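Q: Starting off with a structure, shown below.
Number of protein chains: 2
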Amino acid sequence: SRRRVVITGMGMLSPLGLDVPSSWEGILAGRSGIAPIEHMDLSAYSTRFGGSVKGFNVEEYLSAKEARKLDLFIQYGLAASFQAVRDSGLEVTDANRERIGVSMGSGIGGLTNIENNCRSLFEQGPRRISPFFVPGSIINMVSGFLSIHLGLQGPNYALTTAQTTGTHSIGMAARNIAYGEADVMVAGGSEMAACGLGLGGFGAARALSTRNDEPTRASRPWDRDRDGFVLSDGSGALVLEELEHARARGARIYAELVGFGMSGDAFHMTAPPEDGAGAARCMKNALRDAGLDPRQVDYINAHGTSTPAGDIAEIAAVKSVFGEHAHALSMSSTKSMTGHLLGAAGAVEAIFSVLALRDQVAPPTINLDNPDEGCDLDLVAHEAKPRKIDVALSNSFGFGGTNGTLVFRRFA
Amino acid sequence: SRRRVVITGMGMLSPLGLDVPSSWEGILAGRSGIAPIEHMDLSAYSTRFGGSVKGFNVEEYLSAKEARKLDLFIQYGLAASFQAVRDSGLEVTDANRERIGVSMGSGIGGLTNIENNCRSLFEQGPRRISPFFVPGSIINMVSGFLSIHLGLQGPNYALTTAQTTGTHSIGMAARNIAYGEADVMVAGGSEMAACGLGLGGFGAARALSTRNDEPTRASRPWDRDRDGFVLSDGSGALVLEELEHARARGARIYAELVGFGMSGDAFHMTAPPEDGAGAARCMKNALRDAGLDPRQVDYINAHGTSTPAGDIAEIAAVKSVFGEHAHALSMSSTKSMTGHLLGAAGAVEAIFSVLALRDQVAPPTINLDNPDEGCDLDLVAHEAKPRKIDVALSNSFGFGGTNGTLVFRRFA
Ligand SMILES: NC(=O)c1ccc(NC(=O)[C@@H]2CCCO2)cc1
Ligand SMILES: NC(=O)c1ccc(NC(=O)[C@@H]2CCCO2)cc1
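Taken in sequence, the protein lines are chains A and B.
For what it's worth, the numbering used here labels the leading residue of the first sequence as 1, then goes sequentially.
For what it's worth, the numbering used here labels the leading residue of the second sequence as 1001, then goes sequentially.
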């Protein structure tokens, strides 16, 4: 019968820092992680900036021998996983290793490695493709490499649901624990799509902000002058643990994961419906799953991508789900500061939602200078808002009309 | 407690045929779908053959214009899914559409599309990249496009667990239904990795058979002269349905899905442990999940990739799990005929396991001319074996040491 699930460890790489506490201090100070991209020549691209991870040292985590074989998205997922496991204080043993699994996902996976090997294939031929090309590029290898290095023999898998990946990964990992398939899961996501194909591909769809001359102002969710999402890199991982397992070992518990929802829009490959009907179905599934009155929701970490249609669909969904309470809760997009970490978005945003509970503060939506038509909720414009938060909701919506919602609450 | 899950529809593209019945006729006849790859200069490659889908007409399913937006692996997953839904006779309505979801995965996803866009990017720069490059290439678009086409509003996600994808997709969809999150799921996998990067990538790892002179003899699971796996394309989809939901509408039920196991080896990035400890744990987990004794298993659809280490690991795992029953069950690798469909392997092999139950016949392991040291089980060498089959297992073992087992039983 269904067990309770708590958060005992968290780990992160983001455009604002190389761990959770540095990232969160940036979030609460309203600091932007967005800057011109330095790692390649973007002069022929319509977008030349994004949220890069700055000064990542893989030799904090892995031998340069192992690290050379792995795409950056895998390096980033392993860094966040290692941080989360250490933060949890969990000791892996012969007695518990079969009950500890991993579900670390990615939206796009090893696009840089595939680009570089494509360059070798076309310029020099197939014999120059890396022997490590496949295991170094495919999305399940965060889960694989983490399991090999820590000795995790529990459920081992990976989700890929585009921009919903991190939220779905955490939710489904919680279901694993809830239903008795594992006692512990490391779950979240990682992304590093800042290569020619990534910036070029999103560029070809005209989905990216082209505010090259003021990158820190590009990501402006619900602002009338928004002109698309900002592409960002990084990773979030959480250690999810059955409640009595966490209590038995004296774990520090950050918060409880009480609700998880999923829905499909069944509308369009890339565009969200204007009314947010799919997002609303998803949130309602999540709140019913958590046994909550919608009026209990104090904080929403929005998907809030800074796209014309996505930002307004989310207002419509929140008004539909919460009615008059939509005017009492606080809703913010941390993507205003971090940009859009795609498959990692839901994982870092789940961590920001847990810290909003820990610290009783709503992170700001920076750059919200002129809220658009109908964007009249408390969107925590400009500056962090200390307030009561018992229940926090984290939303993600992706290509293919795939929606996820996570519901967290304080644990006492 | 938990709801029962039955299979009411199946769909497939394979190297043996463009649907399930034609594929299955090939399987029972011991026919190979392996041939030198056409319309692609493979002179510089150490492997020049594979399992191609022959004569696929996407316009049976999509307009030319919508098909042009989608990588071949998505077209193949949509064909299998459309076939499965049609095979099920399910009528989607406003009363049930929220209860019908999709979990179609891929191991490698849109390599062909990525490859063809690298050409544009390197030669002509980013402005030639297709606007549909991202949504047309990402693994969750089979689930996405199927939900949009059929109006499915249930759980919408995609697994990517390398060669375990199709098995995990079906098992995790079955759980969704068992635990009441959906009444119907369309689940399985698709793969089209026969590009330079696929053939070159596996080739650079020396993972592939190089038996260019006799492609139909290359895939020879447990044969002493095997020299690695054969790369194959295609897709499988199953309609999973809650038992009372299937009975109420008068559905034709192929078989019941009674068990699902997962385990991580935590051993090596690409090689299974010699003793198959991980595959043994996973099968034991699946039998416990089904409430069945090892002695009740009659037929195993092996992973049986024709790699030296993989094939022997599976014999060790089966002897360990099944003890004095190991010789009474029949175990075969249909990869002897189909080659290795990677993330689709588990999907098409779940279909073969279901049809083994329907037709009371163990498919052959073709090319098993000289069983290797210790390969003394009933591996159904050369020809199909009619026999009693009440319980059938389908095993998948993939990169990252990720394992899955499905347990099917006759329904009456
Ligand atoms: N051996 C491990 O499992 C491992 C765990 C954690 C780390 N690093 C951190 O936790 C970071 C380093 C600075 C801030 O936090 C490195 C290795
Ligand atoms: N609005 C409410 O006060 C409320 C209370 C309880 C529930 N449901 C449950 O607690 C269980 C948990 C999974 C579904 O049923 C729903 C709503």
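For each residue, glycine too, the CB sits at the ideal point set by N, CA and C.
Just to confirm, are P1155(B) and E1181(B) a CB contact at a threshold of 9 Å?
A: Closer than 9 Å, so yes.
Q: Please specify which runs of the beta strand (DSSP E), each continuous and at least 3 residues long, are wholly inside the segment 1215 to 1286 of chain B, giving them in chain order.
A: Runs found: 1234 to 1242 and 1255 to 1264.
Q: Just the chain B side, please: which residues come within less than 9 Å of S143(A) by C-beta, in chain order?
A: Chain B residues near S143(A): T1161, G1264, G1400 and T1402.
Q: Is the shortest distance between the beta-carbon of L1152(B) and the beta-carbons of chain A less than 9 Å?
A: Yes, its Cβ sits closer than 9 Å to a Cβ of chain A.
Q: From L1159(B) to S1103(B), what distance separates their C-alpha atoms?
A: C-alpha separation (whole angstroms): 7 Å.
Q: What residues from chain A crowd round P1215(B), counting only those whose CB sits closer than 8 Å?
A: The contacting residues do not exist; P1215(B) stays about 18 Å from chain A at best.
Q: Check whether the segment 1310 to 1325 of chain B touches the segment 1057 to 1077 of chain B, counting contact only when three or more Cβ pairs, one atom from each stretch, lie closer than 8 Å.
A: No: fewer than three Cβ pairs fall under 8 Å.
Q: Apart from the five residues on each side of it in sequence, which residues of its chain come closer than 7 Å, Cβ to Cβ, to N1367(B)?
A: The residues are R1217, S1219, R1220, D1223 and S1336.
Q: Does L393(A) come out as helix, strand or coil in the three-state DSSP assignment?
A: Three-state DSSP puts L393(A) in a strand.
Q: Check whether chain A comes within 9 Å of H1382(B), counting only Cβ atoms and requiring the distance to be less than that.
A: Taking Cβ atoms only, chain A never reaches closer than 9 Å to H1382(B), which makes this a no.
Q: Of all Cβ atoms in chain A, is any one closer than 9 Å to the Cβ of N1140(B)?
A: It does; some Cβ of chain A falls within 9 Å.
Q: Which of helix, strand or coil does DSSP assign to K385(A)?
A: It is a strand residue.
Q: Within 8 Å: the Cβ of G11(A) and any heavy atom of ligand 1?
A: Yes; taking the cut-off as 8 Å, the Cβ of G11(A) has a heavy atom of ligand 1 nearer than that.
Q: Check whether the Cβ atoms of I1007(B) and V1184(B) lie closer than 9 Å to each other.
A: Cβ distance not < 9 Å, so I1007(B) and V1184(B) don't count as in contact.
Q: Going by C-alpha distance, which of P308(A), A316(A), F267(A) and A309(A) is nearest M283(A)?
A: Ranking the options by Cα distance to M283(A), first place goes to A316(A).
Q: Taking C-alpha atoms, which residue in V142(A), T112(A), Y76(A) and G9(A) lies nearest to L90(A)?
A: It is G9(A).
Q: Can you list, in chain order, the residues of the segment 1157 to 1189 of chain B whose Cβ is nearer than 7 Å to any Cβ on chain A?
A: Within the segment 1157 to 1189 of chain B, the qualifying residues are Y1157, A1158, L1159, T1160, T1161, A1162, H1168 and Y1179.
Q: Give a yes or no on whether the minimum CB-CB distance between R86(A) and chain B is below 9 Å.
A: Answer no: the Cβ-Cβ gap between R86(A) and chain B never drops below 9 Å.
Q: Using 10 angstroms around the beta-carbon of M262(A), count the other beta-carbons present and answer buried if the total reaches 16, otherwise exposed.
A: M262(A) comes out buried.
Q: Leaving out five residues on either side along the sequence, give the residues of the same chain with a beta carbon under 6 Å from the beta carbon of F1399(B).
A: Around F1399(B): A1162 and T1270.
Q: List in chain order: all unbroken beta strand (DSSP E) runs of 3+ residues lying wholly within the segment 325 to 368 of chain A.
A: The qualifying runs are 330 to 332.
Q: Tell me whether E25(A), by its Cβ, gets closer than 8 Å to a heavy atom of ligand 1.
A: Flag unset: Cβ of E25(A) not near ligand 1.
Q: Out of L150(A), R295(A) and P15(A), state which residue places its alpha-carbon closest to the alpha-carbon of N96(A).
A: With distances taken between Cα atoms, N96(A) lies closest to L150(A).
Q: In chain A, which residues lie with their C-beta within 7 Å of the C-beta of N1117(B)?
A: Residues of chain A passing the Cβ test: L197.
Q: With a Cβ-Cβ cutoff of 9 Å, do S232(A) and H303(A) count as a contact?
A: Cβ atoms of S232(A) and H303(A): not closer than 9 Å.
Q: Taking CB distances under 9 Å as the criterion, tell me whether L78(A) reaches chain B.
A: So no, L78(A) is outside the interface.
Q: What span of residues does the beta strand (DSSP E) with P36(A) cover, start to end?
A: Per DSSP, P36(A) belongs to the beta strand (DSSP E) from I34 to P36.
Q: Run through the DSSP bridge pairs and tell me what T402(A) is partnered with.
A: Note: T402(A) sits in a beta bridge opposite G264(A) and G398(A).
Q: To which residues does DSSP link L1013(B) through a beta bridge?
A: Answer is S1235(B), bridged to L1013(B).
Q: From the beta carbon of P308(A), is the nearest beta carbon of chain B less than 9 Å away?
A: False, the Cβ-Cβ gap to chain B never drops below 9 Å.
Q: Suppose contacts are defined by Cβ-Cβ distances below 9 Å. Is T210(A) in contact with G228(A) by that definition?
A: Yes, the Cβ-Cβ distance between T210(A) and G228(A) is below 9 Å.
Q: Would you report the Cα separation of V1321(B) and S1353(B), rounded to the nearest angstrom?
A: When rounded, the distance between both Cα atoms is 19 Å.
Q: Would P15(A) pass as a contact of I34(A) if the rule is Cβ separation under 9 Å?
A: In this structure, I34(A) lies closer than 9 Å to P15(A) by Cβ.
Q: Among the candidates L1111(B), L1393(B), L1152(B) and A1280(B), whose CA atom is the shortest distance from the CA of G1201(B)?
A: Ranking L1111(B), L1393(B), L1152(B) and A1280(B) by Cα distance to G1201(B) puts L1111(B) first.
Q: Determine which residues share a DSSP beta bridge with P371(A) and list them.
A: Answer is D223(A).
Q: Could you tell me if the beta carbon of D1071(B) falls within a distance shorter than 8 Å of some heavy atom in ligand 3?
A: The ligand content of the structure shown is limited to ligand 1 and ligand 2, which means ligand 3 is not among them.
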